[PDB]
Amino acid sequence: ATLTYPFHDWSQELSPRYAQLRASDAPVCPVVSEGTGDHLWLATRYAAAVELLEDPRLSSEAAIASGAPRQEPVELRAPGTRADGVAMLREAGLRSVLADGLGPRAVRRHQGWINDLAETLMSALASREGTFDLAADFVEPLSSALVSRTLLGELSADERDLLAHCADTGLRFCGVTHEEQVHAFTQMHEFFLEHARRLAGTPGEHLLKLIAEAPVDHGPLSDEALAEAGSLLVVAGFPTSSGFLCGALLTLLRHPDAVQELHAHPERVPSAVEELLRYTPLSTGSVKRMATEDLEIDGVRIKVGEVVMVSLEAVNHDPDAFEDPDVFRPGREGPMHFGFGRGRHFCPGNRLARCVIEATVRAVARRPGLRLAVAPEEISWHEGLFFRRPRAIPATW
């Protein structure tokens, strides 16, 4: 009868449904959730997303709450915990501590090691003969170091592997049983419940130590409170950063001509980062908000309690806002991309993300000739992940 969501486009080829809803006159089109039966609005167009994500009558906190109509098959929350995300740290008056942790002065703390590590990892692959896996031998150490040094603390390899596996298990639309999904969030929470304070006390300036050592006016940040901060940091930072870095690499390796230009012209690198954030698809789902009062958008009513989704992928590929939208064009001068969102809930990790993405682009650009060792079609993808990620990326020089 009507389209069901999500659209099962687990590779970098976006579903032709996004294009189809975008070409519609409507600012929103009705879809039905596969895993809940919930009816939902989907927006695909730059013009519509611009209005929908700046409207304070559309609430992110509501659409996170239990009972909200939703796209995901299970609550993204350990049963019995709060998991309303960053609002909990906001509530405890931690606005200045997230500023110190993710703001410009943290990028100055960490940007030096991040750039040297990216160069080192690419230098090591340059030593190999034949074929190597960029996902395991570049993306995984780089995103792990990002997560551990700027967010979590020193992980052991097995702890890191545990946190990755839980993220990959919980953050899915399909492919695992719902009981495993629920247990992945439980497994993360009990880990942080038992190790958050030790992780916060290890050396470094990582965000979890800043949270733990912060003085809450009239408060001690509880261990239950610390654990939820750690779950949020893994969920927000780890699968997003690894998913995107993998996709960005496939984008770069498929455009050798663009990469040569960045090699000749290093001042162009920061602009190619932004184009990567617009061109490279990440989420198989949508950002979402709940109408807390009736409203109207270009002739469509949105009643109280209805849920509006905006697919960042569809909007970043909107020909109305981006000429030749399927072309990777680092010189492009258009509107701001929707890769970190827009409005009040703009990604607060956006400056750390940009810094790792830029290190990676530079590391590719210093060593030209790096190319896919298999056709893009023979690449194998994890299916059902919220955040697209290839199984491996075979590459050679």
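One rule holds for the numbers: they count along the sequence shown, beginning at 1.
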{"item": "Stretch exceeding the other in mean C-alpha B-factor - 346-354, 27-35", "value": "27-35"}
{"item": "310-318 set against 187-195, stretch whose average Cα temperature factor tops the other in the entry", "value": "187-195"}
{"item": "Out of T120, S96, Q111, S286, residue topping the C-alpha B-factor column of the entry", "value": "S96"}
{"item": "Top residue by Cα temperature factor, when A229, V235, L277, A124 are compared in the entry", "value": "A124"}
{"item": "Chain-relative CA temperature factor third for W397", "value": "highest"}
{"item": "Third of chain Cα B-factors occupied by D217", "value": "highest"}
{"item": "Record-listed C-alpha B factor of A43: chain third", "value": "middle"}
{"item": "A68 CA temperature factor, ranked by third within the chain", "value": "middle"}
{"item": "Lowest, middle or highest third - CA B-factor, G341", "value": "lowest"}
